[PDB]
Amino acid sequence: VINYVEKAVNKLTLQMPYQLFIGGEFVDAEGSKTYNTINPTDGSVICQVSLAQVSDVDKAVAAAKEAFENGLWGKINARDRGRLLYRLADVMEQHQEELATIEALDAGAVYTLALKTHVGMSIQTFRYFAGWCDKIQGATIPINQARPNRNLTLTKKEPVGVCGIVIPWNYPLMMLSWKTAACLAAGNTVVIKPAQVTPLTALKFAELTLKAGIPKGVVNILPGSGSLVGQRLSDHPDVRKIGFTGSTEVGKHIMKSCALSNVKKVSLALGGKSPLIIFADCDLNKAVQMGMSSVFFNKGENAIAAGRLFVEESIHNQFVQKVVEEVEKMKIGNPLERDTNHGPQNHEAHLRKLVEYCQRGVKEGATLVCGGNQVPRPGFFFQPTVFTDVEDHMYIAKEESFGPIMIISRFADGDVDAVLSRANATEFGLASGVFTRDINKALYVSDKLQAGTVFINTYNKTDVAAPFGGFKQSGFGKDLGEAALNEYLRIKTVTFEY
C-alpha cells in the first residue's frame, strides 16, 4: 500500500504519491525532510514532498546498479523489454486524465493542452521507443584480411549502464518521458531528478511503472535540488551517463562535474533565442496564428519558442495590428477550465523574472505594444506581451525570456542575407522558423539558419520520430528519433581471426 495525497478535482479523484521512489518502493527521505509544492493558479500548497538527500541519491544509484547488473531487466530479450515499455505507455494512457490534471495543478498546464501534449506526447514517446528495442542493430564490417588467415569484425550495441536524468519544470512529464523512454529502450536503468518545483507527475509516473511491471530499481525518482541531488548524480562513480535539460549556465556546470568525476557521457539540451523570419509573400493570417503560437504556446515556457520575430517591412504594421487583435481575444484563467487558453506561469520566481524582463525592455527603449505585467488575479499569471522597435544591441534581442513575450524587429524589403546574419548573431542555436510561399527563399533560408531545427510555414511541430537538439551553446545530443538512442548505447567492436 502506497501513501497518497488525495484530491477531488476536474471530475476525478487524484491519488498522488509524494515520497521518493527507490528500488520499487515509495520511501521518506533521510530525516523525513520535506518541502512544499505550489499551485501556480492560486499560490496554495498542493502538498508536502520528500526532499532527497545525498544518502538517498546513493541508495537510488545502488538500486539502479543492482537492477542493471543482476535484475531481470538486464536478462530479458530486447523484444520483452519492448513489451514492457508498450505496456507502460498503455498504463499512462489509462491514467491520461489524472496525469494531465496533476500537470495542470503542478505546472499550470492548460488541461486540454496537457492532454494532447504534456501527456499525449509522453505516451507517444514510450510507444515509439518501445518499437526500437528489438530493432537496435550493430554491423558487420569488411575489414582487411590478415592473409593467409581470415577476419570477421562485428559491432554490438550495448546499454551504457546506470544513467542519471536531470530535467526542468516546463513540461515535467514530457521532459522526463523523452529521455526516460530512450534510456530504458536501450536497456539502461535510471535515476531521475525532476525539477524541485514540479515533482508530482514524475512520482505518479513512478507508480505507473509498478502497474506496468517494470522490475524494481530500473526507475528511481528523487524530488530535490539540483545543487544537492543533481550534483551528486553528476559526481557519482557508478553513474555512466547524464542526460541533462536546462539552462546553458547549469549545462556548463553539469558537463564540468561529469569531467571531474569519471568522464561519464553527457547530453545537454540547453537554452534558446530562436529566430522566426516572416516574409511579405507568406499567408499573413496564417503567419499571425503560427507566429502567436511560436511565442505563446504553453505560456511561453517552451525552449524552442521564437525569441525573436523578424518581419518584412511592408507587412510589419499590419502583422502587429493583427497580433494585438488576437491577443485581446485570449482567455486567461484556471488551466482546468475548458475556455482557458492561457494558464499561469509555472512558479512565482519565474513570474518575477518576466516582469523584470519587460521593465528592462521598456527602459532600453523598445516599444511595449501590449502586456508586460502580472494579471491582477490570484496565482502567477502574466500578460501575453508584444514588443516592437527592437534593435539588435538590446538586452531583449539577446536574452531568453522563457515567457510569453513576442519580440519584433523589422527588416528591409528584399533583404535575405542581411536578416539571416541578424538571426544567426547569437550563441544559441536551438530552433528557428521561416514563413514564405516562395520555395527558393524557404530552402535557402533553412540552409543558412544556424539552428538544430528549422520550421517552414509552421512552428512547434515536434514529433517523437524527429530528432531534437541544438547547436553552439544550446548544447549537443538529440532527444527523440532514432538519434536519441545513440546517447544511451555504447558500441563494442569484436574482431576475430580464424
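The first residue of the shown sequence is 1; numbering continues from there.
The mean C-alpha temperature factor is higher for 221-229 when 221-229 and 133-141 are set side by side. Averaged over their C-alpha atoms, the temperature factors of 278-286 and 195-203 are higher for 278-286. Comparing the C-alpha B-factors of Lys322, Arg87, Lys179, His95 in the entry, the top value falls on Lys322. Of the candidates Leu184, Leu208, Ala78, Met330, the PDB record gives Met330 the highest C-alpha temperature factor. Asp463: CA B factor in the lowest third of modelled residues in this chain (values from the PDB entry).
Sorting the modelled residues of the chain by their CA temperature factor places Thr153 in the lowest third. The entry lists a Cα temperature factor for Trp169 that places it in the middle third of the chain's modelled residues. The deposited CA B-factor of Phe411 belongs to the highest third of values across its chain. When all modelled residues of the chain are sorted by CA temperature factor, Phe455 is found within the lowest third.
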